[PDB]
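Q: first chunk of the complex, coordinates as they sit in the assembly:
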Amino acid sequence: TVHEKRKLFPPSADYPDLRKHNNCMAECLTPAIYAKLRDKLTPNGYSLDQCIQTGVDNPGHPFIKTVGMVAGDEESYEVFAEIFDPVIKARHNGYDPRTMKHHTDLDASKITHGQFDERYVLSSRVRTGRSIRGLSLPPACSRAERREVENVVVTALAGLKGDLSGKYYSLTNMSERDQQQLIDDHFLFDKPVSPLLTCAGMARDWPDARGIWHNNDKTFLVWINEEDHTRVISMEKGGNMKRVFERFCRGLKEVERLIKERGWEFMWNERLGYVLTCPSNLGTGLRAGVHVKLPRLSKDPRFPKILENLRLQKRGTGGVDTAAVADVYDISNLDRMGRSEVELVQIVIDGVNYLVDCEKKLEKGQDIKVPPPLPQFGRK
Amino acid sequence: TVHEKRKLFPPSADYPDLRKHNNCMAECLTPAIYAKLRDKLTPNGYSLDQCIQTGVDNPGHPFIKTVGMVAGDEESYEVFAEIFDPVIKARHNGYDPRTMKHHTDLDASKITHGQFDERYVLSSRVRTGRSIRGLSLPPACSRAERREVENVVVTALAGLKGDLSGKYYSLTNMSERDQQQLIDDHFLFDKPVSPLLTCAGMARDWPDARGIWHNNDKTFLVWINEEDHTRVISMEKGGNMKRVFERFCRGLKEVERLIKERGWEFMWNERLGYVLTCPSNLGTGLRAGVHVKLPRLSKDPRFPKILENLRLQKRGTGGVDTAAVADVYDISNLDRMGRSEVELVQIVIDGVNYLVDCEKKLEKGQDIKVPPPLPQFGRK
Amino acid sequence: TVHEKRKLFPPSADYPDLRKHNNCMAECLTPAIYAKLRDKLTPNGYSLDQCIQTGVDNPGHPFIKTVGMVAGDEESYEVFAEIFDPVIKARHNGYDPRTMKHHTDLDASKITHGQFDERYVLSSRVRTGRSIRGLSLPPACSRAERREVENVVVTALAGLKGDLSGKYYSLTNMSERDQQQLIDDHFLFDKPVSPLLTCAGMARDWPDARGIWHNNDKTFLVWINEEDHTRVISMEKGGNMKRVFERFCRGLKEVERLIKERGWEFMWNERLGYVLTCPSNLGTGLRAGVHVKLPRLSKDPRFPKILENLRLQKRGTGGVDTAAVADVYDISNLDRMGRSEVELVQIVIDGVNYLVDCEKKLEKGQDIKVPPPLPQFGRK
Amino acid sequence: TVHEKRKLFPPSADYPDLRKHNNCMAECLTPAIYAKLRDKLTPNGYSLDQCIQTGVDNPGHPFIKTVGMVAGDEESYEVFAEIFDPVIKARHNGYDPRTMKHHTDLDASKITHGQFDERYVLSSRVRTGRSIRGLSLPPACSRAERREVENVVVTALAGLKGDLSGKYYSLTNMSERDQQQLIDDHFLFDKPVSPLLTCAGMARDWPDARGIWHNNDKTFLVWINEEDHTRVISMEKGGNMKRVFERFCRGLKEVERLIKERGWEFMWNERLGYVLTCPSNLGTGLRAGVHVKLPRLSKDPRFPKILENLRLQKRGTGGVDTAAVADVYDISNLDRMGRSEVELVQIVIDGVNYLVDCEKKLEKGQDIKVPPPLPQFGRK
């Protein structure tokens, strides 16, 4: 097997001081695993030390724990499995890549109906990440590799047509008009600032080879080379979730078609699903969610337990407008690895609908209840 | 010679986009140098790409240019000389490590007199950096290497005695009392924030193996493992510069004595002088300076040209008190590589004295003048 | 183990654009197979890229289905099996080298009704190809290797005696006398022109080390170093197929005897049979056929289905028909890998006899029929 | 450090039979050179055998100088200098890369009489070629390398602006209209047919990554990936040679500017000048010429000797269709390595003007003469 020059000191002399740390990496690393893995390199030379760095640099918090490590390349998940497999099992409470397999399901047809009450649901969004096989992930990828990801994906997207055609904007050389316009649409991103990311080397050479592409009527977003090879997003106003999903699956199948045509594949394997740079997004990499207006259920102290039981999670809107963040919430699927992409989108469909129904109930006085909790895993 | 796995793409495909950059690295890098050096590694494996990263990530500014690269290890200056030698020649306007040699002079005796007017000079300071040979510099050093630097230097310091004895405080485990006390004395530092440093990987594993040591009457400071293996500082209140220097040289000679006793040396070579991690601090690594109160000369529009001619540079005080930063300036030596440590300290002695004399002149009405400019280089 | 520092780009960047291609190679190649195999070399250094080149250079036309790749050496079939095995299974509709074995049977003392009605059967030919083990096939073989093939085979042939003795003509320095004579006999060949062959590098160094050998009464032809190490023809006028075959097997057994005597073997393995440079001629490499005069059955619209059922094919002299009311066809065996050499020759014996009988039938008015179709495979 | 040791036979067993050959390769190869070089590889693995192949396959004809070998990569000229240096010296009658240096000079200001009498001088054009450093030349370059050449050059060209802006047409996907239009303009090329080229492997993977780019008013042509990385052409109607050259130098300087900006250089060295794939096009790669109408001087039997003395050559280029009119001639510079690009263009300016003047003379009866012959080399 391939070995580090890091043969310099006894590996234990290189052990991190993780005493005050609470992240899944620190929580799962042991003197023995560290010693065993220190000088094992991936084919391209990513090292265990580089995986775990952000987790050593960022002690995190007790209440919200973070993963604490990162994959430089696809082989990282395999070369350093002896530390990734536990971290994954911890982060996706239960799912054990050692023993379980993962089923991908992108047949929108199976979602026969998903329409939300447009009086409460202000908008609907489905995102995921895809990684191009053969090029290193962002913590590691050289400029040339990063450039190639942009080149592969942009050519692919440029061959999309119909409602899925659109244009590409290069962060490196775009006019002030393009800039502001993308700011108003809320399609723009820029250099990461979270030490969780930047301390994992994901902000190198900014903004070289990053860019935004969206279809012409702004319902399909692809972010190239941000915190992952691609983040693909289907979002729409209103609450026609089934249509949002139907396009997500459609653009994802047509993009994969066109990259395979020129010879490239997506990284995917049966025990991890769709390989992405952060362990927390393995499996489906999917976040289906809605902007709900939920003032009554919001104040009820059974909100959290209903949420928890429905396997949904709630976060803030943040960016305001006539969209008064005060009333509005960001309710999305909690799971990522247990279930298929269909299974997860249906979870959001049902859970959100219930949430809406409970808001209605509490408006008409009559009281709601807490539904019996979903299983953490899916079928098959 | 030793080679990178980075054989992946043609090196030119890996060339940085330095179009909007103004730092000495961007200014001096060329397609040919890049191609020639990309896959050359140092003995421990530092790569040209890691040297130049901060300079690629930080476009800098036209008015104040920065160096734009960094040395991971001592061999970096030699392995990648074809890009360091120009950058050095540019930053130390003139000094060409290819053609010139550098003389170190730590004989305080040669400074027969340096007393400042304690009505104007509020305090006097001489700092420099030393790097322990055999362990990688901060951009590169593994935790174990970083730990060893701390271990070598602290043992050394612990054998200092007399007015040079003191104690060591470990950033990783110090009481809130020690903390605040070091804050009041102004001896404390913590995790770098400048992207110039942090994007060069100098903040990894913070605060592991960093610490402050100072002598018992707080006139000799050593910072271990901050932005260099050691930053040694002799500072005193008032203006007895000659005494400040006499101790600086004394502590520096006794420390080198004690590390050589256990088998370690300082990195030093004849064309670069004292090797440190940032090219701008080669040669002497020395900053001798004073906090002057200079209200009259400050307002005179001949201040800058007197400064420039005296080879001094002026910066801000910043941290205030009864020390009202408004009146007070930070006048220090401009050069770093042309001259010896003695030569440079004398430059500050003379230049500051002149500066003080000019302030006096303008108080008594009578007008000052601009002295004829010093040569950029020293003797021998 | 197998690899190559062709690692110059990621392999996918090297994927052929096979979008407008219809050949068995293009039809079966996949981004994954390509990526897996690109940098695997054969013992002598043949590369997957060289195998598939002709197939990349020659897209095709949906009419004629072609193979689209080639074997440089014997190890190619094994090293790049992951693409050869499917291509073989496709070309020899069904035969799967992964799962099946192949039986060779050169015993003419088995073949029965081997005289045709010379009224109708005008000539009888039987050809196959043999490759000398230890030397590279024509797409790859260096001049020295090519020379050695000629040397091994010519010495062997020179020791044939009886009705199997004859002489050898080197294409290199050959009299216009011997040239024209070989043209009249129709024994001559020269530099390939089909881009299928020439783009596979089979015309290099022409005519070095090529030559024709035939027995003294011109019923045994051996072509040395044309589009295969050897191609041995037994052909005779008339229709005594059994005798034609009896000599084919006799010359093939005596040649193999004499090469084994000097230490050389024929390339042969149990899952592929007799290894030759083009996948389509694997197994038996055998083409037993007859020039028949078949004017009646020719016009009948049951000809094709009788042919198909009898497992034969028409390549009538001059395209496949011609501007000829001559009605003389090149009816030959369809299969090449299912069956043994004996099995295949008997297929032609029976099928041709039936064909002749049907012609007779339609002459005497009385109508023919379509025989029940042969199985695609043989015994054992 | 790269060494084939094919060593499947002692190298002499691999010597080509060049007995009936007349090309500069055959003329200069010797048993000893062959044996010395056979198993030496270039960094990327080009072999002497691949260099000389076309020359082995194409004995050529004793009337026309043909070189007989080819360079797979830039290193070929250096690794196999022991056979290239003589071939070059023979080809460019005299110029010896071993002993001489070559001066490039694209200062088109320097030219003077570039305004031919536009009633005989129909056409003016000037073509050179450029090769991108870091990527293999056409005989060798993998699809990925070939793709990269197209990518580097097209981006470069896309940043040309002014009279030098235009558009790019890809052989792979250009419309029926794009096609015929480029045929009428006479900008189109397609798959080489000369065995001199195709037998050197310059037609592989056709038409992948080839394309035509021209400026908007069709006076600057760039052919990408035909028989060289780029073949760049400035041509104009009429006879304003100085202007044609002024743009040639202008486009060549702006293209080199824009590739250097992204990190790529042109292959060039001091003893060979601008490295290109065929030895005959070394030095300047330049071909400045005019379509002249010269009916009188054409019939005079001093034409050839005037031509020879003036260092020009004549051809009649294109197709049967137009060869109807033998009034016109393609008179171009003979040299390619002796002189600089300026020196050579001036040679055509002077020589053509003289040629025109002689035509005039013979019209007015009065007789011409043969000018005293130019030296074969240039200045410096």
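A: Good, I have the coordinates. Numbers count the residues shown, from 1 in each chain, chains lettered A, B, ... in the order given.
Q: next to chain D, which bits of chain A? Give me the list.
A: Near chain D, the residues belonging to chain A are residue A:151 when assessed by C-beta under 8 Å from any C-beta of the partner chain. No exception for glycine: its C-beta is placed from N, CA and C like everyone else's.
Q: now do the helices in chain A.
A: Per DSSP state H, chain A has helices spanning A:24-28, A:31-37, A:48-51, A:53-57, A:76-79, A:81-91, A:143-158, A:176-184, A:195-198, A:241-262, A:295-299, A:303-309, A:341-363. These are given in chain order.
Q: quick one: which of these is nearest residue D:293?
A: Distances from residue D:293 to each of the helices of chain A were compared by C-beta to C-beta, and the smallest falls on helix A:143-158, at 48.9 Å.
Q: what helices and strands are in contact with the closest one?
A: Contacting helix A:143-158 under the criterion 3 or more C-beta pairs under 8 Å, 6 or more residues apart in numbering or on different chains; DSSP states H and E are the following elements: strand A:166-170, strand A:211-215, strand A:220-224, helix A:241-262.
Q: as a markdown table, those with mean neighbour count and distance to chain C would be great.
A: As requested, the helices and strands packed on helix A:143-158 are arranged in a markdown table below (neighbours: other C-beta atoms under 10 Å in any protein chain shown; distance: least, C-beta to the nearest C-beta, whole Å):
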| stretch | mean neighbour count | distance to chain C |
| --- | --- | --- |
| strand A:166-170 | 17 | 20 |
| strand A:211-215 | 21 | 20 |
| strand A:220-224 | 24 | 17 |
| helix A:241-262 | 20 | 6 |
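Q: now render those as JSON lines, adding distance to residue A:291.
A: Supplementary listing: those in JSON lines, determined by distance: least, C-beta to C-beta, whole Å:
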{"stretch": "strand A:166-170", "distance to residue A:291": "23"}
{"stretch": "strand A:211-215", "distance to residue A:291": "19"}
{"stretch": "strand A:220-224", "distance to residue A:291": "16"}
{"stretch": "helix A:241-262", "distance to residue A:291": "12"}
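Q: between these, which one is nearest to residue A:305?
A: helix A:241-262 (23.9 Å).
Q: and the closest one, what other elements does it pack with?
A: If contacts are counted by 3+ C-beta pairs under 8 Å, 6+ apart, helix A:241-262 sits against strand A:121-130, helix A:143-158, strand A:230-237, strand A:287-293, helix A:341-363.
Q: just how off-centre is it within its chain?
A: 17 Å (C-alpha atoms, centre = their mean, to the nearest Å).
Q: got the angle for it vs strand A:220-224?
A: Using axes from the mean of the first three to the mean of the last three C-alpha atoms, to 10 degrees, the interaxial angle of helix A:241-262 with respect to strand A:220-224 works out to 50 degrees.
Q: quick check: residue A:270 touching residue A:102?
A: Yes: with the criterion set as C-beta atoms under 8 Å, residue A:270 and residue A:102 qualify as a contacting pair; they are 6.5 Å apart.
Q: next one is chain E, place it on the structure:
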Amino acid sequence: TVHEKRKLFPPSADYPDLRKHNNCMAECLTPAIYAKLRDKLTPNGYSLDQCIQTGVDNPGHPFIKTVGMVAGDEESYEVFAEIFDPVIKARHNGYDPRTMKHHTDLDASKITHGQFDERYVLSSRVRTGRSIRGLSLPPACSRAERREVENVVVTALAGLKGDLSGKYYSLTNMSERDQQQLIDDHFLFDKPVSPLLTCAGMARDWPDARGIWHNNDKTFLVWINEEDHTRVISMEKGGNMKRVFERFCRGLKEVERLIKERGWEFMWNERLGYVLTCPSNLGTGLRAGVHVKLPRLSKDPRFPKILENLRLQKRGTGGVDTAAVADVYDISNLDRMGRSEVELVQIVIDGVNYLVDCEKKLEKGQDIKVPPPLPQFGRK
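A: The block that follows adds chain E to the chains above:
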């Protein structure tokens, strides 16, 4: 490595011409075995070609069993088993080292009644070879290895005491006196002359490190470094075979004791028994035999078949001559590998006794018979 660029021509080009050969090597070698084994080396570098050389050089004659090959070192039997295993099975008609094991038994007790008619038998002897493990056999052993065999064995013998003590004579400088004395005793040997041996490189550096040792009353002979590391000989006058054997086993056990004491072992393995340099002397290496006077049975034409059935073998006493009768006979055991050392000595005891009894019979007129043939193998 254990692999050579004897990869120079294809191994088949190196195949011996064994057409006119009849030795067990030629009889068993095949193009395939040769090709497979040519470039496999033993740990010390013995090659298949060196094994089989004598057999290529000496065709033999079609009735005498010559092996045709030789082992350079112990590993030869293992590295080149694919040719040795058949040769062994052929030589020792039946015994197959692949499938069978071999039992050694030097317990002379088991030899109970072994006293011959001392009026017919004049002499009795048993010899064997032993090879010292760790040093190469004679075809291969360097002078230093050969020297070491002599040193190990001589020291061992020098520690023999009792009736087994004696002295050692070195051919390198053995005085006139000792020479003739050893000639009269018939203990002397000198440089081999048989091309079977000398063409196997067994006569190199003669007589360096050869020598004779015998016990003081000349009943135990050891020949050092002749055609095997040791040849050990117990011989006595008369016919007390049991005593001859009792000492053979006694000296063999005491010698092995004393070499094991200094750290050396005898080469022995379970499928071949006692490894020696010629395949024919594997197993027991044993030759127990007697000089019989047999004039009557000699003339009887049932002698041969009695011999054959008894597993004996006739050897006309004729190497050293001593006024011999036409009735003195060397009758010895035929087998070497089937049976144990005890089993074989008993075979000679019984068979010779029978032979003697038959001579007696024919003296007293009364007729003998042919005993029913022994099985070719032994027990266990």
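Q: next up, the contacts around the nearest residue to residue A:362 once chain neighbours are set aside.
A: Counting by C-beta to C-beta, 6 or more residues apart in numbering or on different chains, residue A:362 lies nearest to residue A:296, which is 3.9 Å off, once chain neighbours are set aside. Remark: with contacts taken as C-beta atoms under 8 Å, 6 or more residues apart in numbering or on different chains, residue A:296 is in contact with A:359, A:362-363.
Q: state the distance from residue A:142 to chain D.
A: From residue A:142 across to chain D, the span is 13 Å (C-beta to the nearest C-beta, to the nearest Å).
Q: okay, now that residue: neighbour count?
A: 21 (other C-beta atoms under 10 Å in any protein chain shown).
Q: hang on, it packs against residue B:49?
A: Yes: assessed by C-beta under 8 Å, residue A:142 is found in contact with residue B:49 at 7.3 Å.
Q: now the common contact residues for the two.
A: Common neighbours of residue A:142 and residue B:49, using C-beta under 8 Å, 6+ apart, are B:6, B:14.
Q: which of the contacts of residue A:296 are buried? Put it as a PyMOL command.
A: Here is the PyMOL selection string for the buried members of the contacts of residue A:296, based on 16 or more other C-beta atoms under 10 Å in any protein chain shown:
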select buried, chain A and resi 359+362
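Q: closest one to chain D out of the contacts of residue A:296, please.
A: Out of these, the one with the shortest distance to chain D is residue A:359. That distance is 53.6 Å, counting by C-beta to the nearest C-beta.
Q: pretty sure the closest one contacts residue A:303?
A: No: in terms of C-beta under 8 Å, residue A:359 does not count as a neighbour of residue A:303; the distance is 10.2 Å.
Q: check the stretch 251-380 of chain A for the residue nearest chain D and tell me.
A: residue A:263 (9.6 Å).
Q: so who does the residue in the stretch 251-380 of chain A that chain E sits nearest to touch?
A: Each residue of the stretch 251-380 of chain A has a distance to chain E, by C-beta to the nearest C-beta, and the smallest belongs to residue A:263, at 35.9 Å. With contacts taken as C-beta under 8 Å, 6+ apart, residue A:263 has the following neighbours: C:12-16, C:31, C:34-35.
Q: now it, nearest residue through space, not along the chain?
A: By the measure of C-beta to C-beta, 6+ apart, the closest residue to residue A:263 outside its immediate chain neighbours is residue C:15, 2.5 Å from it.
Q: could you do residue A:110 as well?
A: The spatial neighbour of residue A:110 that comes closest, neighbours along the chain excluded (C-beta to C-beta, 6+ apart), is residue A:342 at 4.9 Å.
Q: contacts only, for that neighbour.
A: With C-beta under 8 Å, 6+ apart as the criterion, the residues that contact residue A:342 are A:105-108, A:110-111.
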